[PDB]
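FYI, it's all coordinate maths here, none of it is from the lab. Every residue, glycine as well, gets a Cβ built from its backbone with ideal geometry; the counts of neighbours run over all protein chains shown.
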Amino acid sequence: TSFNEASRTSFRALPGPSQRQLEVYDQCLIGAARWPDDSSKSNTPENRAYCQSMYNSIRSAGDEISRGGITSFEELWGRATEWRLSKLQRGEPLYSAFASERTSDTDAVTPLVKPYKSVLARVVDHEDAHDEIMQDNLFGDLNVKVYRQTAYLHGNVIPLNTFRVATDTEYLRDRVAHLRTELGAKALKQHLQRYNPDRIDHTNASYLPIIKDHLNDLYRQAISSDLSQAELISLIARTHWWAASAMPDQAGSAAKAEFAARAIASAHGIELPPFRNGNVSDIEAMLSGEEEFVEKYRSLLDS
Ligand SMILES: O=c1ccn([C@@H]2O[C@H](COP(=O)(O)OP(=O)(O)O)[C@@H](O)[C@H]2O)c(=O)[nH]1
């Protein structure tokens, strides 16, 4: 019904970011990772500045969306990515990872070491955790609690993230002492970047093309001008879930997914509050099925 000449695309105008804004205290928590075992990083002035910048840029992106200036999820992710890159320090060796999509000839692993240790209990006490045994060229056989996150896409049920937590605590202490003595602390740390017994094995990058296409489909639904509030919050939660669980980039995906979900909300005049202390949104996504995440999304938010 309207036409954006700069993006050369027809769109239905949305209200855009709300005039009533979050309090500054909340602005400075947008995008924070408020771990339950340690929320202290989120109190520093550096982190507060990072978060308030995210908030301001989320609102600017919401304005672009409301005017037809961002026309696909991939473009919104690009905005989030360039914003995230701007916060890296001069010289950052991870700059390329923050700037780059993951590729298939790579596996991606998050060892569940600091700051992720609160996740170990969440896996062990998970309703959907299964007991399994994993074979391992350095540790041998290990009892693990495993959560296998899955997704429904066009009737294909695909594996997303797999959490493994090894439960033989004393045997592990023992076997790591052996490994450290035989290999050195840094070299073993290098091996465990991929094979730490406690870890998340991330969504295979081969799924990223179809997930990226699905995110574009969700975005097209989400910029509709005639959605109910429940429909809209459901679409925002689904977009967040898919983008965070896909983990499309070598670094920074959690920040980019939260940026994008909040920008979609802001385009509709919704000013979403911070995630509650203790709720790290990408981790909550990866630890749930999609419909479960949609049904609890509001409760993850601080009101
Ligand atoms: O100075 C910073 C940088 C990042 N983050 C947040 O910490 C999380 C980091 O996860 P992400 O996947 O974005 O980055 P990566 O784990 O690849 O470094 C995200 O919620 C960021 O918004 C933060 O609170 N402060």
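Which angle between 0 and 90 degrees, to the nearest 10, do you get for helix 290-300 versus the longest principal axis of the chain when only C-alpha atoms count?
Approximately 80 degrees, to the nearest ten.
Pick out, from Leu227, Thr106, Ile30, the residue whose Cα sits farthest towards the positive end of the charge dipole of the chain, with +1 on the Cβ of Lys and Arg and -1 on the Cβ of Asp and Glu.
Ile30
What does the highest-first list of 87-98, 216-227, 258-269 look like by mean Cβ count within 10 Å? Numbers along the way, then the final one.
Numbers: 87-98: 11.4, 216-227: 15.5, 258-269: 25.1.
Most protected by this proxy first, the peptides run 258-269, 216-227, 87-98.
Report the gain in length on full extension from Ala97 to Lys114: 0.36 nm times residue separation, minus Cα-Cα distance, nm rounded to one decimal.
4.1 nm
In a GNM of the chain with a 10 Å cut-off on Cα contacts, which of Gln190, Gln149, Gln250 has the highest mean-square fluctuation?
Looking only at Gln190, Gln149, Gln250, the largest GNM fluctuation is found for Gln190.
In whole Å and largest first, what semi-axes does the C-alpha gyration tensor of region 122-201 yield when each eigenvalue is scaled by 5 and square-rooted? All intermediate terms of the calculation are to be shown ahead of the outcome.
On the way: eigenvalues 159, 42, 17 Å².
Working through the eigenvalues yields semi-axes of 28, 15, 9 Å.
Work out how far the C-alpha atoms of the chain reach from end to end along every principal axis, then list the three figures in whole Å, largest first.
Answer, in whole Å and largest first: 67, 47, 35 Å.
Can you tell me the orientation of helix 45-66 relative to the chain, as the angle in degrees between its alpha-carbon axis and the longest Cα principal axis, to the nearest 10?
The answer is roughly 50 degrees.
Against the longest alpha carbon principal axis of the chain, how many degrees, from 0 to 90 and to the nearest 10, is the axis of helix 73-86 turned?
Compared with the principal axis, the helix lies near 70 degrees.
Contact order normalised by length for region 122-201, with contacts defined as Cα pairs under 8 Å and 6 or more residues apart; what percent is it?
Numbers: 103 pairs, mean separation 20.4, N = 80.
Computed over region 122-201, the figure is 26 percent.
Would you compute, from DSSP H runs of 4+ residues alone, the mean residue ellipticity of the chain at 222 nm, taking -39500 (n - 2.57) per run and dividing by the full residue count, rounded to the nearest 500? Don't skip to the end; give the middle numbers.
On the way: 12 runs with 142 residues, N = 303.
Result for the chain: -14500 deg cm²/dmol, rounded to the nearest 500.
What list of ³J(HN,Hα) values in whole Hz, one per residue of region 127-142 in order, does the Karplus curve 6.51 cos²θ - 1.76 cosθ + 1.60 (θ = phi - 60°) give from phi, with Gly and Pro shown as x?
3, 9, 5, 10, 7, 9, 10, 10, 9, 7, 5, 10, 9, x, 7, 9
Hey, can you grab everything whose amide H is under 5 Å from the amide H of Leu301? Only 5+ residues off in sequence or another chain; H modelled, so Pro and N-termini drop out.
Result for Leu301 returns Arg276.
What's the ranking of 19-28, 271-280 by average number of surrounding C-beta atoms within 10 Å, highest first? It would help to have the intermediate numbers written out before the result.
Details: 19-28: 13.4, 271-280: 18.1.
Sorting 19-28, 271-280 by mean packing, highest first, produces 271-280, 19-28.
Taking region 1-158 as the region of interest, what is the percent of Cα-Cα pairs per 10 angstrom bin, listed from the shortest bin to the one with the maximum distance?
P(r) over region 1-158, rounded to whole percents: 8, 21, 29, 27, 11, 3, 0.
Compactness ratio of region 224-286: Cα Rg over 2.2 N^0.38 Å, N = residue count?
On the way: Rg = 11.9 Å, N = 63, 2.2 N^0.38 = 10.6 Å.
Output field value: 1.12.
Which residue fluctuates the most in the chain, going by a Gaussian network model with Cα springs under 10 Å, if the choices are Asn56, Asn161, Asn204?
Its mean-square fluctuation being the largest, the pick is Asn56.
Between region 226-270 and region 108-140, how far is it from one alpha carbon centroid to the other, in angstrom?
That distance is 27 Å.
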